[PDB]
């Protein structure tokens, strides 16, 4: 496995969750700081996203 | 099957 | 087939296996020509077969051994490839670089990330070739062979 | 001269075995103590596998670089240091076929 | 992972003008500050420096 | 029965020696010095002889064998090379050849090439060394050119530092 | 990293429906059901059920309480579910132990655990094969775009442990690096395999440039 | 100097003989010194008796009976020292009295036959095999008895296990699977436990009722009644059940084996195995093991009880029969003796196997000596055991301790019938019974943990490998000065208390007092305390018990400490620690460090070589002193006399000190003042900064002796001559070679210099055409010989101090074949403390010297005196060893108080007491300061402010009073020797004992440029002079792979190691100033393809288009 490319055209993506459940049975919680960082840091947006402004 | 025996048997 | 100490010779176990084959095969030929009672022809072809297995891969049908002293498996051709005795482990355990070194380490406070401090003594050995030519470049030595002898002894280095 | 880009394993045609080899080691003769030299046509043998010295021959009819790729008259010995004696292969001519255990077991 | 209770390091020499090229460009120490694991800094004030600062 | 063929005579000989050592292992309580064995065996037996025999007796050990603290270490990597000119010798041959060739071109062919070829090209004969010109013209240019050769080389010291 | 039978496997729900339970002495029973059909799920005494009488359960949802066998989840919720699960489940151990590595990395290896799909509808070589996914994206592509006569190569997503994943790759070279050399080569021989040097491991034995 | 000690738990009994394990064991092993008449017959005499009556009867003509009379050794071939100078194994001869009988007339008694030369034990405990001192390490295993462990997988009922060692003794297991079978397995396949009992006589009815009436399970016994109805028939029946094709009529044949003699037997009658039996299960066993051969009708007081207890275990509570294998009463120790008697017997057999053949070969009657005895077996066997047995290795004598500890070390790794490398996780754990029997921390650090451990101080191996420990008897609330060495097993049986229990002498002092039942801690009452622990010291090893305040050190780091000392290099400047524990004296003494006086008397002469004293008994003896002998590890060992001329000596008083004994006290480092703060990063994570001043005084300097050696080999090209002739270049380099060949005494040899000249012959068999022209040119006539002379290896060399030459006409040495003559040259060098050297205190703080500073500017106290060493503090919170801090402080006192202290392990000095002595110290330090004429500095007050603001000094009080408080805290004000300003904040300083660590050959800064290369694989290789190439393994390969270091990785695989044509072209290319050529084919690769070609497989590379490409350039094409 090695990087050798051009923007590979297939745009099948994945959505990283930002909330975890089970610990306190079912109590939605914002995922801890690092974990998120570990899932999104320096990635490439599959699609645009309008957020806080 | 481990030689020896077979040929011993063979000519014996 | 090398000379060791005095009269001690040392060879790859492969060679014994080869003779095993060579002899049988020869005995075979003689055995066919000289006349040939079925039993004996087969009995040999059998041995001959087993022999061929031996150098290819021993232990797959039985274990051939060097005469009394070491019930050691004569490293079959595959044993040498796969490394049945931990040879693969040693193989990927690493080869040996020609321009390397090793020594204890000690914190270098003033040193900068950029650099690191290494013993000139070690440097000499490591960068010997590059040093030799630089010597010729300068008046230090007339030529390579010169520069080398010049360094062959510690006490003889200007 | 061309970059090696592909390597492949294939089975060995008995003829191929031949094409690789040189001479036929027909006797279990390694080296006879008297002279640490190869015995007869045995496993170790100059013809079958290559010289034994640097750029010189066995007998000495030729001994320098000038005659880099030509063989000796009364005895066969091409030359470049001992290394060729390594890379070369010989072949043993079996009486009645035997099979490669590898494809059998 | 090295302390100074005797840990011994090794050292090799890049010969080809090429090897040296890659060596001090993409393999030098001051050019690879951040960790491949986490974007986090790998070369940060370790034990003493902190205590000081 | 051996990795190395040995004549039958030498076989019985070794047996004889072996057998002799046994009887010699019967009373001294000392594994008999090559003196005993020489004596006991008979006629022309001597220390040099016995030492030589036993050295041949010994079976060849495995080039591949566990080494030191029984690990992956295999005997083979321990044996060094001698044919192969380790880099330094390669360096040597370069200068030697280059320089010698530079000196071979500045020379009267006749008796310079004769000895150069008779010595370094075929084998090691004064009279039989020169084509048609006899020994007096050989010794003539051989000792006058080689000395004229050795001394201007004494001037521009290129070979002095014994490349060997 | 080695898709295997966990210690306390949790029964996943192959269906997506409503829950129903029972009280008989010896064994309990979880029933999943939609307007169509229903499925019974035997849950022995020690099984602590995470689900309750009354609500929905997506395919491959944890019914029992504990660990899940990837194969199952693969078969029920699909590849995308297995992958996603593997990554998260791994990260679990590390995060709990201070380690902070980026998801990308595990994903990479994850992918290779499923770069092998199986065949059911042949075209050139028979069905039950199990080969490189994109290598099939190749044939299917040209077999329906360049060379006509659409020969749909119906494949099945397959999940295999890192060990196995490698123990059976393209280049025999790589496989000859394991203690299975014997077999690796035998095969590679008979077929006449041309080890296109792609990976590193392979290309290094040759002492070739990386 | 004064000596004050603390803690008082009346150590009722002194330590035992510390080398007793090696010594005693060998004593009893070889019952030599005492006549055959004496009773101890174990070991040799035992093994003797064992294989002596060779009863060979019929198969032609027999009646052979060769008995044993007496075994007597006595006169060793050569003496020890000689055995070391020469390469001879110090061994003693062995010829016992024999006599073989005849069925006819006569019994020729050929008295002696010296077979087998067995080594002897040094007075210290070690041995002298070839040229080095070797030691025999003890072992551990399952004590041949019986146990009952839970069944493998099925969480149902446990099974049984009978363990009979040696290996050629059956291994039985009892397991029932109720639907129709019961399993009794000796070898492998099971069968009815009944078929056996029946044979012995036990009939179904008296069996079922009398054995298993409470055991319903009896039902699985009387099942196969068909067979249980024929007694002795069952005997042949079972014989039929074994498998060869064996005759069904061998009266009491194989039944014998599993009865009396060889197979079952546990060394001695009464306590060897029966103990395990009687205590654990059953009650008796007539005859050592299940034996009898009187009426042909065997008796088994063992077979039935085993099942009895299984039925019992599988039932209620006969007791609670679960066996914790790790219990020390269940794992036994293999003292040297047994380890030797074992191999000894192995040989007795090999011989007995060969002699049997000669009872038929011998003509008629002339068969007593040579016709039945060949010393060849016994020799190879024992010899291999002392020279190749994995259980033996180099005597670690880096210094006395190392030696002593190594002598008393236990290992699991061994034979094969006793623990291998696959198990360990339950073994490597410090089991509960490992109390006063095995130090919990003494084990190594790494792959080998728990497997190899050195026993605790008081630990002693009683009669048969059961580590016992002392324990004093405390009847009622009364404790006794009497002690009982309890077995690991018996210990469980009682309620023992600890040493640290308030005692009024015989009376206990507290109602609720600690005590530990079998494995558990329990607060007991003085009325239940039956036994008590002798002292803290019995809990750990000797090597650990030397640590000052062990109590304040994490058991993990204390290991580093204990192990560290084993690596202690004797310093010319010995010096006992400012604070000792109390064993230092006993150590040097029990170990053979210094020389003590036998009986009272006066000294006569005091030579730097000998001390001839004069005992007041009318005698005078000369006591030589091993000047500067070579220790296996290279550390010196001299005995410097400390007694003056004509001195009345007290019996048992040091006349000479050990290699590292100050005054009969151990001394392995040097007390040295120390500041404990952070410098300019110089003492970074574990770095240390050294005051050049420490070098000004020959403090950490160490004398080292290396031993080089070269041989004159007999080549078929011409013997290698040992001449003062070095064929090619200078006389300058010949100088020191003075003595035609050898190097002159007292000659300084630097790296590269000649140590011994050697001339072998050039080519392999023929000259060289190229080199031929060259020689002729300048001087054809030349010693066409090669220079293979022993040169000073890179790194270093000192001053020659001795040499040895063994030429022809060997006196009594063993010159190997081919070896014409050997040349040894001993070199010595004074090793001074230098950057890179590593030092470590006894608490585990192990750091390396990173910077030698000039006394000029390093930290100095108010009064001139500067600090010697500066220890960073960040290396102390993480590790949890406050012990060193506790040592530094007490030391600070001892400095100005000019005295050394003694603080026992758990019963030593205490914080208040320390604070007290410090209080005393402040008077010395500051008092004189007041009297000499001055008060406090501006800096001294400066630090005081930042001090109170800190919280160390009670604000308000006077500077003088403040400093006292601040001093009592262990810290004082230091001035930066660089600026003169103070270091804001009181800094502790003190006397801390620190050692210098030995330099392994790896420290010899390796560095290879170009050199040899193996014959077969073409990868670099080092040897005598040229360093070996470094190993470039996969982990590193990847490291490179990770980077875009393409070419760099290729070079490591081509130009630098395997590519023949490469490295060559590479070198040259460099030498001229051109970039290196482009790589060629690696040999490993070529080697590979051919390796494959050897096999049918054909490996062919290919081009762009599937077409050939040539790796073996031109050598593959044919002709």
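Every chain is named by a letter (A, B, C, D, E, F, G and H) in the order it is written, and numbering of its residues begins at 1.
The rule is short, and it goes like this: a residue touches a chain if its C-beta (ideal position, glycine included) is under 8 Å from a C-beta of that chain, and two chains touch if they have at least 3 such contacts.
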Practice task
Go through the assembly and pull out the chains touching subunit C as well as subunit H.
Solution key: D, E, F, G
Practice task
List every chain that touches both subunit D and subunit H.
Solution key: C, F, G
Handout entry: Pair exhibiting more inter-chain C-beta contacts, B-C or C-G
Key = B-C
Practice task
Report the inter-chain centroid distance for subunit B and subunit F in whole angstrom, where each centroid is the mean of the CA atoms.
Solution key: 52
Exercise for the section: Provide the C-alpha centroid distance between subunit B and subunit E, rounded to the nearest whole angstrom. Expected result: 68
Handout entry: Whole-Å separation of chain centres (CA-atom averages), subunit C against subunit E
Key = 35
Fill in the blank from the handout: Where subunit A touches two or more other chains at once, the residues are 38, 41
Fill in the blank from the handout: Contacts with two or more other chains occur in subunit B at residues none
Practice task
Enumerate the residues of subunit H that touch no fewer than two other chains.
Solution key: 681, 684-685, 687, 729, 764, 769, 817-818, 838, 848, 850, 1002-1003, 1010, 1015-1016, 1019, 1021, 1030, 1032, 1037, 1045-1047, 1052-1053, 1055-1056, 1058, 1060, 1063, 1066-1067, 1070-1071, 1084, 1088, 1092, 1094-1097, 1102, 1106
Exercise for the section: Just spell out which pairs of chains touch, all of them. Expected result: A-E, A-G, B-C, C-D, C-E, C-F, C-G, C-H, D-F, D-G, D-H, E-G, E-H, F-H, G-H
Practice task
Would you tell me which residues of subunit C are touching subunit B in their complex?
Solution key: 39-40, 42-43, 46-47, 50, 62
Completion exercise
Contacts from subunit F onto subunit H in the complex sit at residues 25-26, 29, 51, 54-55, 63, 76-88, 90-91, 93-94, 96, 100, 116, 119-121, 150, 159, 162-164
Exercise for the section: Please name which positions on subunit E make contact with subunit C in the complex. Expected result: 2, 4, 6-13, 15, 28-30, 43
Handout entry: Residue ranges of subunit E in contact with subunit A within the complex
Key = 38-39
Completion exercise
Given the complex, residues on subunit D that touch subunit F span 29-33, 39, 53-54, 60, 63-64, 66, 81-83
